[PDB]
Amino acid sequence: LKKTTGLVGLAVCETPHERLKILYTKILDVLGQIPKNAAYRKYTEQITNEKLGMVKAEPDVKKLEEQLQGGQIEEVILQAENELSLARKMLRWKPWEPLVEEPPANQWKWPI
Amino acid sequence: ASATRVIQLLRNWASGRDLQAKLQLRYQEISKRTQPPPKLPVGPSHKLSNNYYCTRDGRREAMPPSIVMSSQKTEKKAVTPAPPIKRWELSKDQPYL
Amino acid sequence: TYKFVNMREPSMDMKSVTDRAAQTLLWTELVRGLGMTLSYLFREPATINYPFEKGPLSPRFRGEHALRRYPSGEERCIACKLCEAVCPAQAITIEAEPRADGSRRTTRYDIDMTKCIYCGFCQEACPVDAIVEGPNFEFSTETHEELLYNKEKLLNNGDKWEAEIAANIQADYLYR
Amino acid sequence: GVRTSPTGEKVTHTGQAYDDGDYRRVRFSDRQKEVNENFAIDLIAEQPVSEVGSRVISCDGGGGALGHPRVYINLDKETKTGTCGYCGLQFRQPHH
Amino acid sequence: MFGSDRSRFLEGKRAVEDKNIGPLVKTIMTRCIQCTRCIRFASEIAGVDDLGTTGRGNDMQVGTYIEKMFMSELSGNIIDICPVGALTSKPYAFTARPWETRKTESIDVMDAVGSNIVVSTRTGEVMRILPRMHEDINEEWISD
Amino acid sequence: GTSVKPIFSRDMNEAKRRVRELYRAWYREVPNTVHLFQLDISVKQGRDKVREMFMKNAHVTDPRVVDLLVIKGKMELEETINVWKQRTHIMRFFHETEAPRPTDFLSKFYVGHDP
Amino acid sequence: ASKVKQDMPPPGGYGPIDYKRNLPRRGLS
Amino acid sequence: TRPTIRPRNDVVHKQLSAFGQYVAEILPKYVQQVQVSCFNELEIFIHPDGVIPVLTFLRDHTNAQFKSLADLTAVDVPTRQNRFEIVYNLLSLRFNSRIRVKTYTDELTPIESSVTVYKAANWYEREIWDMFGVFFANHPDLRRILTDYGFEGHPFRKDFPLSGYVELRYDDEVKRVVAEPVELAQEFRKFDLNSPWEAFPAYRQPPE
Amino acid sequence: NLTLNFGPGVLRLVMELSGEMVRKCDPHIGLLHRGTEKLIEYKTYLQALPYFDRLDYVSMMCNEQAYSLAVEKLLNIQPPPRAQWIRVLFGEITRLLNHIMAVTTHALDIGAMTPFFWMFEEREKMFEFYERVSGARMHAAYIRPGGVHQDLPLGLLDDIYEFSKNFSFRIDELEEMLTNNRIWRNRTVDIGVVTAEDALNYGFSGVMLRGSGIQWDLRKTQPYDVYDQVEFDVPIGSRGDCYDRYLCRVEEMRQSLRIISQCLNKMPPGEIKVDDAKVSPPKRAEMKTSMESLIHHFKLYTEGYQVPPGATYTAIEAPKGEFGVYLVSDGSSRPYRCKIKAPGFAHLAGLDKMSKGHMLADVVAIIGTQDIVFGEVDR
Amino acid sequence: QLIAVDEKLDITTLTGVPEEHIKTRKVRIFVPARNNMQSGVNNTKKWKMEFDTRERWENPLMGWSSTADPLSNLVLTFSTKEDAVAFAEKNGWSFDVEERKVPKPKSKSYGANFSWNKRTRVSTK
Ligand code: SF4
Ligand code: SF4
Ligand code: SF4
Ligand code: SF4
Ligand SMILES: [Mg+2]
Ligand SMILES: [Zn+2]
């Protein structure tokens with residue numbers, strides 16, 4: 001097992017496969033409450049399903065790190081946690097609704 | 001420099017290096033303060049023909065930014081702003097200090 | 001590519017541990033630093049003997065401003081007001097009117113040396129090499145007022161420094 | 001050609017000189033008034049008029065790139081002499 | 001904006017002698033581009049046929065062909081229409097630059113027409129007076 | 001319509017309450033500031049100046065403007081508590097060094113062209 | 001006529017420039 | 001396109017356009033417009049109420065993860081009803097990209113502070129309040145950061161005079177530094193450098 | 001728990017102490033705020049160029065390069081290759097000046113004070129290179145939005161080579177006096193530790209990122225001039241303390257020497273400014289002999305060049321971190337807005353977090369390792 | 001959530017402008033007139049708001065020009081007249097607004113110069 005991942009404050013995760021699987025399952029479960037037509041739901045479901053399929057089909061770590069294209073698997077777990085938190089916040093926010101209101105007539109007109 | 005041999009050996013021993021090999025005071029090895037005239041060649045757009053300005057004017061080739069998804073007006077794979085960076089190589093000249 | 005600066009694992013065998021303990025107890029690195037300082041003591045200092053010795057300069061040096069003139073004796077300035085318009089600090093004030101013989105000449109040419117930033121834009125915007133930034137730099141003053149140059153002072157500076165000003169201009173004008 | 005004011009000061013080449021009643025004269029007491037002794041008009045008036053045998057003459061102030069921008073002067077008028085705009089030198093066709 | 005940035009003209013330029021048309025308009029005809037705008041203004045707006053083109057080809061000149069003063073109540077306007085520095089204001093010569101000056105829109109009071117003017121000043125001093133466009137009073141010209 | 005987003009106060013009553021609290025704080029703090037900064041003025045003068053600065057903005061009838069002014073006053077009071085200013089910053093409120101500009105027509109006519 | 005003349009490195013380039021850290025051991029157990 | 005013209009990259013332009021469409025699809029409630037410049041710079045114009053959500057998305061989504069906040073600033077355009085324009089610049093290290101988020105506000109409308117999303121915004125927000133007068137709600141401590149204590153007005157507004165209103169000097173009668181109405185020995189010369197004969201037809205505006 | 005105000009580069013610091021430890025440390029800035037961003041709006045682009053030398057006066061040509069890159073991006077033009085190589089060569093030289101200043105000033109604040117003189121001799125030599133090319137020792141204004149102002153003097157490359165082949169011994173002597181010293185290590189090791197996530201979120205850039213183990217460098221990830229054509233290594237720390245950042249700065253000095261050698265060896269011929277007289281002024285001979293050249297010189301030095309409308313954010317790897325400029329142009333010859341992002345702002349903002357549970361004497365070390373120059377912080 | 005207050009906007013007390021520079025100044029909102037020396041019309045597209053001129057005097061030393069008022073160099077640009085008027089009212093400045101002047105359409109004919117009987121005949125060209 002490798003030691004001193006290199007990023008200060010980031011600890012080495014033993015058995016990262018189980019942590020990644022649990023985090024991805026929780027992300028999918030939270031996404032299940034978002035309405036179907038929301039683009040966030042389908043996009044994040046596709047990304048998470050791809051990551052879960054790649055993590056379940058590779059027992060190694062270095063090869064899994066190369067395949068995930070994130071590198072340093074611990075920060076991949078960190079990004080999974082960040083995505084889960086964002087998914088919960090987004091379920092709270094509900095940004096799939098239409099626009100709040102149009103801007104004024106020449107709000108974004110440049111020059112002047 | 002104008003230093004005696006014994007002092008030179010003392011300095012080389014105390015520092016641990018050969019001071020006279022690489023001195024920090026400039027001597028006659030520097031260039032002269034009087035130099036021959038230069039010539040300074042002209043640029044690429046100094047032709048006498050086939051040099052119309054409308055073909056080499058960068059400013060007028062600038063255009064207003066393109067607009068996508070103006071609010072006033074399928075698999076659909078997810079995209080990223082750019083492909084993820086490749087991992088850096090470990091500098092196979094002096095990897096560790 | 002990247003390097004590691006602090007990724008060395010110290011050896012844990014008896015010899016290395018004893019060496020580190022000897023370094024701790026006998027202060028070897030402190031003695032090495034003392035020896036480095038002592039070696040630096042016995043070499044020639046880099047100090048020059050000002051004001052009898054002066055630091056090196058180049059023809060491009062920017063110093064105290066001056067107003068030049070033609071070999072016939074007529075001032076080069078034609079009141080085009082390009083130097084005033086290009087001055088980033090607005091340190092140049094120009095007023096002009098036709099002369100007695102109808103020549104286009106200035107009646108007032110003031111440079112505020114306490115506002116000037118010595119950027120050299122004035123001497124490179126001039127189309128007749130009238131205003132130049134001379135090579136003098138030892139012109140400190142005891143009062144604020146004497147740093148507000150007028151046309152007479154700048155013309156006096158030009159007449160005073162014209163020799164080496166023209167020499168520097170001749171040496172450098174092929175790079176401009 | 002530096003003149004002297006009726007009060008006693010030297011007159012600048014621009015004709016500036018404080019009159020008798022001006023209080024600003026007090027700035028010169030225990031000091032001096034900076035005046036350039038060489039007047040451009042007098043120095044250029046004593047230059048000889050160049051005699052050239054061409055209708056149009058070119059002037060760049062002497063020195064090439066170290067002078068003023070090159071200009072062309074027409075000398076058809078025999079009454080007076082063509083004067084350079086920048087340098088102030090004079091040119092004239094060979095009359096008689 | 002519309003021209004090139006360099007010259008391939010390797011020959012010598014021409015030079016024409018200056019004309020004298022009075023103490024108001026300073027005349028430097030080497031800068032003339034022969035647009036015949038002053039001629040049209042004098043013939044139509046001012047009704048004075050003093051100006052004209054003498055010569056043929058490259059050496060065709062704009063002037064009076066004789067020592068004559070272009071005198072009229074609207075003589076100064078030829079300074080404004082002339083796109084180049086061929087005709088300039090003699091009293092205003094060598095006094096200021098356009099970017100220095102501040103423009104104040106005001107009314108002329110020397111006559112009862114009330115033509116609109118722009119007072120061009122510089123550091124609290126009036127530099128010059130320019131006409132201001134008003135299609136109902138003075139169009140774009142002012143009197144001398 | 002003319003619907004706007006609030007800052008702190010929904011109506012004028014809450015803005016008035018916040019103004020009152022800010023005035024209470026300034027009134028309480030004036031003597032401590034006078035003692036600590038070693039001012040030449042008295043506590044009466046400082047309280048009068050606080051009252052004058054409060055009454056200077058008495059014509060504001062917009063709750064957003066009122067509570068923005070309250071925020072600015074709270075920031076300035078906090079600045080005064082922690083001795084972030086000095087004597088000069090405190091004393092700039094009194095203009096002891098500026099000449100008194102006149103008000104009547106004749107004096108302004110005499111001094112200059114200023115209307 | 002005259003040929004172009006500006007600052008250029010001499011033919012063959014410049015010599016090697018040392019940049020590696022040089023911290024030697026004086027030597028004693 | 002000779003060597004005097006900056007080369008144009010099309011792959012980055014296409015990638016930025018695709019990501020702008022993707023972002024605008026994910027958050028249709030807040031994004032009002034998306035633009036990609038000719039030099040490959042992507043900017044997103046959103047509603048003021050979407051400062052906290054959108055930023056959070058761009059910081060936490062597995063496909064965006066714009067971790068770093070490079071800069072935060074405001075632009076004053078007095079001709080607009082919504083005077084001030086707030087600009088966020090974000091840098092994503094994972095994808096080696098940059099994005100810009102633009103919002104509008106006025107003198108009295110507050111903008112929710114993004115200290116929770118990016119800590120680096122903290123001082124930046126104070127700077128805005130110091131220079132423009134835009135109030136940020138739920139800020140840990142909002143106060144002046146750059147101007148002098150007791151300074152009246154926000155200098156970076158377009159209607160603020162360049163030299164200010166007061167100047168400092170030392171008075172010996174009161175033995176301290178005092179502030180006076182500003183009086184300049186030489187007035188700042190204003191130059192009318194702008195010229196007629198428009199230079200860029202590609203930016204010409206309709207004659208309304 | 002007493003509160004104290006360390007009053008009057010120059011800095012004011014209000015801090016609470018519970019005995020020896022530091023509870024809260026709030027820095028007050030604004031003592032060098034001159035309002036550069038407002039004064040820029042009243043100047044043309046060429047007139048606004050010299051402000052960037054005053055911005056960060058320890059690294060000047062880097063600020064010039066950042067502003068020039070922003071204006072070039074807005075103008076849709078590119079400089080000739082020789083101008084880019086000069087920019088890169090000078091940028092590397094400036095980086096050495098900045099790193100020498102930072103390391104020596106940090107050591108002097110700690111109390112060493114000998115390497116200060118030892119390396120200020122070399123700083124004086126570098127000033128001469130700056131002076132020979134532009135006539136100014138420090139405020140150069142050499143790099144322009146069209147390239148560089150003037151070509152190199154005929155004897156400059158040889159002198160640069162002669163100077164740069166003896167600098168390695170100076171760095172070695174500095175490391176001998178500082179790197180292995182037990183007092184220096186005790187002063188710096190495990191001081192001001194910042195985690196990678198906190199450094200990213202707190203907006204840090206440059207060594208402060210690289211010291212925490214983050215592999216980020218704008219010259220490698222987003223090269224601007226000729227950087228993708230030069231090979232060099234990027235030092236990376238492992239603990240995030242002051243010692244790691246000091247080692248990173250020394251290694252960056254060595255890699256700067258490497259890049260300087262590469263730039264000296266691979267100097268191309270050609271012109272030094274873009275051959276577009278509507279942006280770059282023509283030569284003096286052309287101005288004094290050609291009519292179009294005279295017109296363009298007049299208009300460039302009186303009114304300036306019009307920049308097409310638009311907003312850009314251009315960032316470079318300055319010696320203190322990511323230095324950026326957000327430039328907004330309305331189509332005229334004067335910029336509408338010029339916001340300046342300096343890494344010192346974010347670093348001093350994070351100073352309070354980085355000085356939690358440290359001694360009073362540790363605050364000076366942390367400030368020194370932040371590489372804080374208040375000209376860029378206050379602007 | 002929304003106050004829905006009905007009153008005119010007034011930020012006079014927040015700008016920090018001195019009272020003598022608010023109730024005494026008189027701003028002017030106008031389309032700047034075309035410079036008669038040039039035929040370009042690109043400088044007469046936007047509206048300009050500028051303050052009235054105040055006293056300038058000669059400096060006793062060096063003869064420079066001195067101004068005692070801060071707002072003298074200030075000029076603002078607005079897209080339309082309504083925006084400038086709204087800005088002036090919001091900042092509490094009394095304003096004078098002048099309608100934009102546009103040159104009337106003129107019919108120009110080349111044929112008129114060589115007229116058979118009308119007086120538009122040109123004497124020379
Ligand atoms: S050097 Fe620069 S600041 Fe000084 S007078 Fe010349 S243009 Fe102005
Ligand atoms: S640029 Fe030269 S000629 Fe023109 S006003 Fe200045 S000094 Fe005189
Ligand atoms: S208007 Fe001027 S340029 Fe045109 S013909 Fe008359 S003098 Fe020549
Ligand atoms: S300003 Fe115009 S008319 Fe005068 S010399 Fe230049 S181009 Fe000719
Ligand atoms: Mg004319
Ligand atoms: Zn001449």
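Each chain gets a letter, A, B and so on, in the order the sequences are listed, and its residues count up from 1. Atoms considered below: every heavy atom in the structure, side chains included; atoms not considered: hydrogens, waters and symmetry mates.
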J.: Do I:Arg249 and I:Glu252 meet the salt-bridge criterion of a basic N to acidic O distance under 4.0 Å?
T.: no
J.: Is there a ring pair (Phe, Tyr, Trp, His ring centres under 6.0 Å) between H:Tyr124 and I:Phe345? Walk through the geometry before answering.
T.: CA-CA 8 Å; H:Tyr124 284 115; I:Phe345 205 62; 5.2 Å; yes
J.: Less than 4.0 angstrom from a charged side-chain N to a carboxylate O is my criterion; do I:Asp172 and I:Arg254 meet it?
T.: yes
J.: As an exercise, state the distance from OG of I:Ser212 to CG of A:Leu10, rounded to the nearest 0.5 Å.
T.: 12.0 Å
J.: Take I:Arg182 and C:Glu29 through the salt bridge (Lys or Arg N to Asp or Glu O under 4.0 Å) test and state the conclusion after the steps.
T.: CA-CA 8 Å; I:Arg182 89 182 53 194; C:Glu29 82 273 11; 2.6 Å; yes
J.: Can you measure from CH2 (H:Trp123) to CD1 (I:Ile29) and round to the nearest 0.5 angstrom?
T.: 4.5 Å
J.: Can we say C:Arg32 and I:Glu176 salt-bridge, meaning some charged N sits less than 4.0 Å from an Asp/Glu carboxylate O?
T.: yes
J.: Without hydrogens or angle criteria, can the side chains of I:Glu376 and I:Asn63 be said to hold a donor-acceptor pair below 3.5 Å?
T.: no
J.: If we only count heavy atoms from C-beta on, is the I:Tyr246 to I:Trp184 side-chain gap below 4.5 Å?
T.: yes
J.: Donor-acceptor pair, I:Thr312 side chain versus I:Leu327 backbone, under 3.5 Å?
T.: no
J.: Considering only NZ, NE, NH1 and NH2 on the basic side and carboxylate oxygens on the acidic side, decide whether H:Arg94 and A:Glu75 come within less than 4.0 Å.
T.: yes
J.: Whether I:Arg87 and I:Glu64 form a salt bridge (side-chain N of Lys/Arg under 4.0 Å from carboxylate O of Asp/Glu) is what I want to check.
T.: no
J.: Side chains of I:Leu55 and I:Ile340, heavy atoms from C-beta outward: is any pair under 4.5 Å?
T.: yes
J.: Does the pair H:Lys119/I:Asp198 count as a salt bridge with the N-to-O cut at 4.0 Å?
T.: no
J.: In Å and rounded to the nearest 0.5 Å, what is the CG to CD distance from I:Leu351 to I:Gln370?
T.: 4.5 Å
J.: Does C:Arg8 count as lying over the ring of B:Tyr96, i.e. NZ or CZ under 6.0 Å from the six-ring centre, within 45 degrees of the axis?
T.: no
J.: Classify the ring geometry between I:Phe52 and I:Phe323 as parallel (under 30°), tilted (30 to 60°) or perpendicular (over 60°).
T.: perpendicular
J.: Just by distance, do the side chain of I:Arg170 and the backbone of I:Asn166 share a donor-acceptor pair under 3.5 Å?
T.: yes
J.: Quick check for you: to the nearest 0.5 Å, what is the distance between I:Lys320 atom NZ and I:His347 atom NE2?
T.: 10.5 Å
J.: I:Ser256 and G:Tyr19: side-chain donor and acceptor closer than 3.5 Å?
T.: no
J.: State whether a side-chain donor-acceptor pair under 3.5 Å links H:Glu127 with H:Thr73.
T.: no
J.: Are the side chain of I:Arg379 and the backbone of I:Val377 linked by a donor-acceptor contact shorter than 3.5 Å?
T.: yes
J.: Please report the interatomic distance OG1(C:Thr1) to CD(I:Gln215), rounded to the nearest 0.5 Å.
T.: 10.5 Å
J.: Within 45 degrees of the ring normal and closer than 6.0 Å to the centroid, is that where the cationic atom of I:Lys73 sits relative to I:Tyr313?
T.: no
J.: Has the side chain of I:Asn201 got a donor or acceptor atom that lies under 3.5 Å from a matching backbone atom of H:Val117?
T.: yes
J.: Within the 4.5 Å heavy-atom criterion, are I:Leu348 and I:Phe374 side-chain neighbours or not?
T.: yes
J.: Taking the six-membered ring for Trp, are I:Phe163 and I:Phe129 ring centroids under 6.0 Å apart?
T.: yes
J.: I:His106 side chain to I:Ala365 main-chain N or O, any donor-acceptor pair under 3.5 Å?
T.: yes
J.: Return the orientation label for the I:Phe204 and I:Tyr202 ring planes: parallel under 30°, perpendicular over 60°, tilted otherwise.
T.: tilted
J.: At what distance, to the nearest 0.5 angstrom, does CD1 of I:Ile259 lie from CD1 of G:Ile17?
T.: 12.5 Å
J.: For a side-chain contact (heavy atoms from CB on, under 4.5 Å) with I:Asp241, tell me which candidate from I:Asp190, I:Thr369, I:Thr188 qualifies.
T.: I:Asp190
J.: Just checking I:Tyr51 against I:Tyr67, ring centres under 6.0 Å apart?
T.: no
J.: Consider only side-chain N and O atoms of A:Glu83 and A:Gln79, and report whether a donor and an acceptor are under 3.5 Å apart.
T.: no
